[PDB]
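Remarks on the structure that follows.
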Ligand SMILES: [Zn+2]
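Encoded structure:
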C-alpha cells in the first residue's frame, strides 16, 4: 500500500492488540503491560 509520513499521519502511538490510541509514547508503554508479548532467551544456546 502507501507507506510514508508526508502528509496524513496522526497518532503515531496507538494500540492494536485491543484497539486503544494514545497521545504520549509513555502512555502506550503503561498499556503494553497488560499486553504481554516478550521473548526472553535462555541461559543456554545451541
Ligand atoms: Zn491495548
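Residue numbers (the numbering used here): 71 to 116.
Every residue, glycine too, gets a C-beta built ideally from N, C-alpha and C.
{"query": "Suppose you measure from the CA of residue 100 to the CA of residue 88; what does that come to, to the nearest Å?", "result": "14 Å"}
{"query": "Go through the residues and name those whose CB comes closer than 6 Å to any heavy atom of ligand 1, in chain order.", "result": "85, 87, 88, 90, 101 and 105"}
{"query": "Please go through the same chain and pick out, in chain order, the residues whose beta-carbon is closer than 8 Å to the beta-carbon of residue 84, but skip the five residues on each side of it.", "result": "90, 91, 92 and 98"}
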